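Note on naming: letters A, B, ... go to the chains in the order of the sequence lines (proteins, then strands), and numbering restarts at 1 for each one. Counting convention: from 1, in listed order, for ligands and their atoms alike. Basis for what follows: all heavy atoms, side chains included, without hydrogens, waters or symmetry-related copies.
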Protein chains: 2
Amino acid sequence: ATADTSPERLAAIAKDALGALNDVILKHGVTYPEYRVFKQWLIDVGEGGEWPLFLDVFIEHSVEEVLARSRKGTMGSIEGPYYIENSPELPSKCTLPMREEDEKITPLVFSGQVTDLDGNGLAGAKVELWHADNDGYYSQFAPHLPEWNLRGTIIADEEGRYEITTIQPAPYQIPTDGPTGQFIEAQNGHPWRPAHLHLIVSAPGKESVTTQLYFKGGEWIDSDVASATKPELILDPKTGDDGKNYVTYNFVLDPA
Amino acid sequence: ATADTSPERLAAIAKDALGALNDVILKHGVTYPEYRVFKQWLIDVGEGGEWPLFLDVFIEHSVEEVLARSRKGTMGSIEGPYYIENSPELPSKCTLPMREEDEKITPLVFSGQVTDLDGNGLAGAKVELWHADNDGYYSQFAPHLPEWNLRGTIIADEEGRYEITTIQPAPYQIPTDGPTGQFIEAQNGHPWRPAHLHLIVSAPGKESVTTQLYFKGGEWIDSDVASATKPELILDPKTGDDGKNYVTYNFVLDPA
Ligand SMILES: Oc1cc(Cl)c(Cl)cc1O
Ligand SMILES: Oc1cc(Cl)c(Cl)cc1O
Ligand SMILES: [Fe+3]
Ligand SMILES: [Fe+3]
């Protein structure tokens, strides 16, 4: 990864970031035993491979918030740590790859349209969808799962429409025993994110959008540990007589 | 390491530390490519074993500053990452262990007295001294060095006096190729600390003091990368006719 940040921009960011942290130590009278625990815990974060988790939980929301200012289309949200590029392509009307341990979960039928700022529908539009199973696991991050379980890139039709059947994911829990979970536990927090779909939506000559969608009534929408929920992103699915849940959600893309 | 910090104290520290960092992202409009570089660099810090270095350079000074408020005796300074417990004991009048590559350096004769707040001299007082050689290396952190090179615990006499001959350390440079050095290089900084002695001074029923001493005229006293220099800690050694440099410095210990 590379960034085009100047020495002077970096200096300025570093000065107030370190200044700020040093200010917090002063305000709170952080002790030497505390400093020692902090040092060991930073070591533990790295040793446990949790920098992607910790940052995406506690920092990414502010980086999306910056990006949001430059965008007129659908609300973005954090990518989080579980995205995988090049998920297998599926047609506009499709069902995500899934196991038999998944086919017993009430189906979720997700429909809608990808458009521009003026509402023109968009051909060649792709919807990359990934989410957790009813167990709260992601494929490629749980060795029991078929590697593209609940992952796909949907090819939207000429009008920019799709109909994807999947399942509702379970809420996600941050493993309690790792450094991040221990950080949360030690301050009496909840290591939970509400149930959510991840989507990256793209189209020719359009700026892609990374977002998440949530479920009205879901537990933890009011207390997402990653501060990544937005009211605009909450789905209210209706139940059909097949007993499946139906929801329509449209994507609006900024020009590239 | 353990600390006795409450869930509520931890919550409060975390809230403003993360809040502060998220505020810096917002103020500066930190980008996704920047966020990605930041994430990789945190990973690299851990992989390179540089959490002790980075924190002691950029954070420890604030933790000593907190501790300083509760102390009436000699000014403290940061421990930094190179302290080693149980260095071999030496008598009140002694010379630090050193090589032949060290005996060619002009000697530094360091004298003084350990006392209490009222100026009463202190028996059973110990002066743990450690510093770098003329090359800027520390023993146990450079495989060529005898493991206690320029390290000792000095036993002060009945009056609390010592006379330790050593050498003046060279200034210290933070390795430029590691994540911390690369952090410094990318913002156009200087990876240098002024030449310094480290001391931990202790006595029966007294609160030990961790401090450093610096050298008038030394380069980088005006720009210590670790912000750990204080005017009270700067030595002005006088040259004798043996051509050795002489300095007197007294330690004043708070009661335990
Ligand atoms: O997408 C995610 C993002 C974060 Cl931060 C967490 Cl904790 C879990 C996720 O499933
Ligand atoms: O004692 C030290 C403390 C720090 Cl922070 C550095 Cl960079 C070098 C040292 O020799
Ligand atoms: Fe997720
Ligand atoms: Fe040092």
> Numbering the atoms of ligand 2 from 1, which are under 4.0 Å from a heavy atom of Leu53(B)?
Replying inline: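 What qualifies from ligand 2 is 7 (Cl).
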>> When you measure from the side chain of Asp224(A) to the backbone of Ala226(A), do you find a donor-acceptor pair of N or O atoms at a distance under 3.5 Å?
In response: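 Judged by distance alone, yes, a pair lies under 3.5 Å.
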> Looking only at heavy atoms, is any part of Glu60(A) under 4.0 Å from ligand 1, and if so is it the side chain, the backbone, or both, or is it neither?
Replying inline: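 Under 4.0 Å from ligand 1, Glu60(A) contributes no heavy atoms.
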> Counting only heavy atoms, which portion of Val57(A) has something under 4.0 Å from ligand 1: side chain, backbone, both, or neither?
Replying inline: both
Tell me, which protein residue and heavy-atom name are nearest [atom], and how many Å apart are they?
atom                    : result
atom 6 (C) of ligand 1  : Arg193(A) CD, 3.3 Å
atom 3 (C) of ligand 2  : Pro81(B) CD, 3.3 Å
atom 10 (O) of ligand 1 : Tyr138(A) OH, 2.9 Å

> Does the ring center of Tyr137(A) lie less than 6.0 Å from the ring center of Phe141(A)?
Replying inline: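 No, they do not, as the ring centres are separated by 6.0 Å or more.
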> Hey, do the aromatic rings of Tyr172(A) and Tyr82(A) have their centres closer than 6.0 Å?
Replying inline: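 They qualify: ring centres under 6.0 Å apart.
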> Is there a nitrogen or oxygen of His196(A) sitting under 3.5 Å from a nitrogen or oxygen of ligand 1?
Replying inline: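 Right, the criterion is met.
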> Of the backbone and side-chain N, O or S atoms of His196(B), does one lie nearer to the Fe ion (ligand 4) than 2.8 Å?
Replying inline: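 So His196(B) counts as coordinating the Fe ion (ligand 4), yes.
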>> Under 2.8 Å from the Fe ion (ligand 4), can any N, O or S atom of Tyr172(B) be found?
In response: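 So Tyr172(B) does not bind the Fe ion (ligand 4) by this criterion.
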>> Taking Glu232(A) first and then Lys230(A), would you say they form a salt bridge - that is, a charged N and a carboxylate O separated by under 4.0 Å?
In response: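 Salt bridge between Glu232(A) and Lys230(A), a charged N being under 4.0 Å from a carboxylate O: no.
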